[PDB]
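Colleague: Before we start, here is the structure in question, set down as structure tokens.
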Amino acid sequence: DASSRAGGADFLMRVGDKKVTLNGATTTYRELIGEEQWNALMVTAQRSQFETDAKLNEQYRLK
Amino acid sequence: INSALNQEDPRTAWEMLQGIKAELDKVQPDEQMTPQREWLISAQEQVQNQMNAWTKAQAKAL
Amino acid sequence: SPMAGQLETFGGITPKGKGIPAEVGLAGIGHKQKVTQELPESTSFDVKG
């Protein structure tokens with residue numbers, strides 16, 4: 001859900017460094033997700049602002 | 001869109017494209033990018049290029 | 001005007017957007033003139049003997 005919203009890239013980038021304990025192992029949220037999966041999530045979060053908002057895409061492309 | 005791109009004056013083409021965008025807003029009433037808004041963004045970029053080529057000729061004649 | 005806000009929200013890419021006037025979309029695109037009004041000057045053959 002956060003990958004599909006404006007400002008979600010900042011949220012995900014901050015939360016990737018926080019800790020979580022699951023199945024008896026304490027990891028970070030970036031380690032719980034894969035490294036390539038985290039990179040794909042980051043790309044999606046960064047690029048989704050220009051797909052769900054035509055105003056931003058038009059503004060940047062015209063500039 | 002193609003007829004708006006075949007005008008001699010770029011300033012008229014820009015306003016024609018604005019009118020076409022207003023027409024499209026009534027059938028796509030949301031904010032996401034569709035393949036039809038890409039048409040209009042590309043058309044506006046082409047009109048900017050046409051404005052460059054037009055200012056060439058105006059400056060040369062002056 | 002009472003319709004100054006309805007005209008600016010006409011022609012936007014989305015119904016919540018604003019239309020772009022040609023003075024802003026095409027602003028900055030232009031070419032300078034290479035000819036100036038700096039004229040060549042002539043000199044008189046003045047010999048005062």
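Please note that chains go A, B, ... in the order of the structure tokens, that every chain numbers its residues from 1, and that ligands are numbered from 1 in the order shown.
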Write out as a list in words each polymer residue whose atoms come within 9 Å of residue 11 in chain B, counting only C-alpha atoms; drop sequence neighbours fewer than 5 positions from it.
Modeller: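 Once the nearby chain positions are removed, what remains is residues 16, 47 and 51 of chain B; 22, 23 and 26 of chain C.
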Colleague: Output C-alpha atoms for every residue in that selection, as a PDB file, in the first residue's frame.
Modeller:
ATOM      1  CA  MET B  16      -6.411  23.764 -29.257  1.00  0.00           C
ATOM      2  CA  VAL B  47       4.165  22.024 -30.134  1.00  0.00           C
ATOM      3  CA  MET B  51       7.602  26.934 -31.475  1.00  0.00           C
TER       4      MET B  51
ATOM      5  CA  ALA C  22       0.690  29.505 -24.094  1.00  0.00           C
ATOM      6  CA  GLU C  23       2.678  32.336 -22.486  1.00  0.00           C
ATOM      7  CA  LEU C  26       6.098  28.194 -24.646  1.00  0.00           C
TER       8      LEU C  26
END
Colleague: Would you list, as number ranges by chain, the residues of chain B that end up in alpha helix (DSSP H) under DSSP run on this structure's backbone?
Modeller: B: 10-24, 35-61
Colleague: Go ahead and write the residues just picked, C-alpha atoms, as a CSV table (one decimal), in the first residue's frame.
Modeller:
chain,number,residue,atom,x,y,z
B,10,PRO,CA,2.1,27.3,-32.3
B,11,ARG,CA,0.1,29.6,-30.0
B,12,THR,CA,-3.1,28.5,-31.6
B,13,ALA,CA,-2.0,24.8,-31.4
B,14,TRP,CA,-1.4,25.1,-27.7
B,15,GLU,CA,-4.9,26.5,-27.0
B,16,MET,CA,-6.4,23.8,-29.3
B,17,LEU,CA,-4.6,21.2,-27.2
B,18,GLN,CA,-5.9,22.8,-24.0
B,19,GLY,CA,-9.4,22.4,-25.4
B,20,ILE,CA,-8.8,18.8,-26.2
B,21,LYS,CA,-7.6,18.2,-22.7
B,22,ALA,CA,-10.8,19.8,-21.4
B,23,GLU,CA,-12.8,17.5,-23.6
B,24,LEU,CA,-10.9,14.4,-22.4
B,35,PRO,CA,-2.4,6.1,-22.8
B,36,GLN,CA,-4.6,9.0,-23.9
B,37,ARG,CA,-3.0,11.6,-21.6
B,38,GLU,CA,0.3,10.4,-23.0
B,39,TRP,CA,-1.0,11.5,-26.4
B,40,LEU,CA,-1.6,15.0,-25.1
B,41,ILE,CA,1.7,15.3,-23.3
B,42,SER,CA,3.5,14.2,-26.5
B,43,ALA,CA,1.5,16.7,-28.5
B,44,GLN,CA,2.4,19.6,-26.2
B,45,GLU,CA,6.1,18.6,-26.5
B,46,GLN,CA,5.8,18.6,-30.2
B,47,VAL,CA,4.2,22.0,-30.1
B,48,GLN,CA,7.1,23.3,-28.1
B,49,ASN,CA,9.5,22.0,-30.8
B,50,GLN,CA,7.3,23.7,-33.4
B,51,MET,CA,7.6,26.9,-31.5
B,52,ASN,CA,11.4,26.7,-31.6
B,53,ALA,CA,11.3,26.1,-35.4
B,54,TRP,CA,8.9,29.0,-35.8
B,55,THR,CA,11.0,31.5,-33.8
B,56,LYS,CA,13.9,30.6,-36.2
B,57,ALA,CA,11.9,31.9,-39.2
B,58,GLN,CA,10.5,34.9,-37.3
B,59,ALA,CA,14.0,36.1,-36.2
B,60,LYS,CA,15.4,35.5,-39.7
B,61,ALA,CA,12.7,37.6,-41.4
Colleague: Please tabulate, as JSON lines, the residues of chain A that come within 7 Å of chain B, each with its closest pair of atoms and the distance in Å to one decimal, counting only C-alpha atoms and ordering rows by chain, then residue number upward.
Modeller:
{"residue": "A:51", "atom": "CA", "partner": "B:33", "partner_atom": "CA", "distance": 5.3}
{"residue": "A:52", "atom": "CA", "partner": "B:32", "partner_atom": "CA", "distance": 4.2}
{"residue": "A:53", "atom": "CA", "partner": "B:32", "partner_atom": "CA", "distance": 5.0}
{"residue": "A:54", "atom": "CA", "partner": "B:33", "partner_atom": "CA", "distance": 4.9}
{"residue": "A:58", "atom": "CA", "partner": "B:41", "partner_atom": "CA", "distance": 6.2}
{"residue": "A:62", "atom": "CA", "partner": "B:45", "partner_atom": "CA", "distance": 6.6}
Colleague: With a cut-off of 6 Å and counting only C-alpha atoms, select all residues of chain C in contact with chain B and give the selection as a PDB file with C-alpha atoms, in the first residue's frame.
Modeller:
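After the write, selection21.pdb holds the following:
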ATOM      1  CA  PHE C  10     -10.016  24.487 -17.943  1.00  0.00           C
ATOM      2  CA  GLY C  11      -7.744  22.306 -20.033  1.00  0.00           C
ATOM      3  CA  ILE C  13      -4.432  17.103 -17.816  1.00  0.00           C
ATOM      4  CA  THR C  14      -6.692  15.805 -15.012  1.00  0.00           C
ATOM      5  CA  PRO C  15      -9.975  17.259 -13.708  1.00  0.00           C
ATOM      6  CA  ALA C  22       0.690  29.505 -24.094  1.00  0.00           C
ATOM      7  CA  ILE C  29      11.725  29.352 -26.314  1.00  0.00           C
ATOM      8  CA  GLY C  30      13.123  31.884 -28.763  1.00  0.00           C
ATOM      9  CA  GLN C  33      18.402  38.517 -33.744  1.00  0.00           C
TER      10      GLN C  33
END
Colleague: Enumerate as a ChimeraX atom specification the residues belonging to chain C that approach chain A to within 9 Å, with only C-alpha atoms taken into account.
Modeller: /C:12-14,16-18,25
Colleague: Using N, CA and C atoms, can you export the residues from the last selection as a JSON list (two decimals), in the first residue's frame?
Modeller:
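Saved the output as part-v1.json:
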[["chain", "number", "residue", "atom", "x", "y", "z"],
["C", 12, "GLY", "N", -6.90, 21.27, -17.99],
["C", 12, "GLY", "CA", -5.92, 20.52, -17.23],
["C", 12, "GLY", "C", -5.80, 19.09, -17.71],
["C", 13, "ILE", "N", -4.65, 18.48, -17.40],
["C", 13, "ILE", "CA", -4.43, 17.10, -17.82],
["C", 13, "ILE", "C", -5.36, 16.16, -17.05],
["C", 14, "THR", "N", -5.73, 16.52, -15.83],
["C", 14, "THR", "CA", -6.69, 15.80, -15.01],
["C", 14, "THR", "C", -7.74, 16.80, -14.54],
["C", 16, "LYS", "N", -8.58, 17.71, -11.73],
["C", 16, "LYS", "CA", -8.08, 18.53, -10.64],
["C", 16, "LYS", "C", -6.90, 19.39, -11.04],
["C", 17, "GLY", "N", -6.47, 19.34, -12.30],
["C", 17, "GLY", "CA", -5.37, 20.15, -12.77],
["C", 17, "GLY", "C", -5.82, 21.49, -13.32],
["C", 18, "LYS", "N", -4.84, 22.29, -13.72],
["C", 18, "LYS", "CA", -5.07, 23.61, -14.29],
["C", 18, "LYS", "C", -4.55, 23.66, -15.71],
["C", 25, "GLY", "N", 3.64, 27.78, -21.24],
["C", 25, "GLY", "CA", 4.11, 26.55, -21.84],
["C", 25, "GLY", "C", 5.21, 26.78, -22.86]]
Colleague: By how many Å are CA of residue 42 in chain A and CA of residue 9 in chain A apart?
Modeller: 6.7 Å
Colleague: Could you give me the residues within chain A that DSSP places in strand (DSSP E), as an NGL selection string?
Modeller: :A and (19-22 or 25-28)
Colleague: Quick one: residues within 12 Å of range 35-38 of chain A, only C-alpha atoms, excluding same-chain residues fewer than 4 positions away - as a short mmCIF file (atom, residue, chain, number, x, y, z; two decimals) with N, CA and C atoms, in the first residue's frame?
Modeller:
data_model
loop_
_atom_site.label_atom_id
_atom_site.label_comp_id
_atom_site.auth_asym_id
_atom_site.auth_seq_id
_atom_site.Cartn_x
_atom_site.Cartn_y
_atom_site.Cartn_z
N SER A 3 3.83 1.63 -1.22
CA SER A 3 4.50 1.79 -2.50
C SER A 3 3.64 2.52 -3.53
N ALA A 9 7.82 6.52 -0.50
CA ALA A 9 9.24 6.23 -0.62
C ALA A 9 10.01 6.66 0.62
N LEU A 12 9.09 4.18 3.48
CA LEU A 12 9.74 2.88 3.33
C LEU A 12 11.24 2.98 3.55
N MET A 13 11.85 4.08 3.11
CA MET A 13 13.29 4.25 3.31
C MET A 13 13.62 4.40 4.79
N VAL A 15 11.70 3.13 7.31
CA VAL A 15 11.31 1.94 8.04
C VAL A 15 12.19 0.74 7.69
N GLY A 16 12.94 0.81 6.59
CA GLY A 16 13.81 -0.30 6.24
C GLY A 16 14.94 -0.53 7.23
N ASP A 17 15.24 0.46 8.07
CA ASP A 17 16.33 0.36 9.03
C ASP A 17 15.85 0.01 10.43
N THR A 28 16.25 -6.52 10.42
CA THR A 28 15.66 -5.26 10.01
C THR A 28 14.59 -5.52 8.96
N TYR A 29 13.74 -4.53 8.74
CA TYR A 29 12.70 -4.69 7.73
C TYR A 29 13.28 -4.83 6.33
N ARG A 30 14.47 -4.27 6.10
CA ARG A 30 15.15 -4.45 4.82
C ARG A 30 15.77 -5.83 4.70
N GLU A 31 16.21 -6.42 5.81
CA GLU A 31 16.73 -7.78 5.79
C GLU A 31 15.62 -8.82 5.72
N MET A 42 11.72 -0.38 -3.68
CA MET A 42 12.16 1.02 -3.71
C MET A 42 11.90 1.65 -5.07
N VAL A 43 12.20 0.93 -6.15
CA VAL A 43 11.95 1.47 -7.48
C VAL A 43 10.47 1.70 -7.69
N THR A 44 9.63 0.75 -7.27
CA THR A 44 8.19 0.91 -7.40
C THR A 44 7.70 2.12 -6.62
N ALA A 45 8.16 2.27 -5.38
CA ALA A 45 7.71 3.39 -4.55
C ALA A 45 8.14 4.72 -5.14
#
Colleague: Can you tell me how far CA of residue 1 in chain A sits from CA of residue 34 in chain A, in Å to one decimal?
Modeller: 18.0 Å
Colleague: Figure out the distance between CA of residue 6 in chain A and CA of residue 19 in chain A, please, to one decimal in Å.
Modeller: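 These atoms are spaced 24.1 Å apart.
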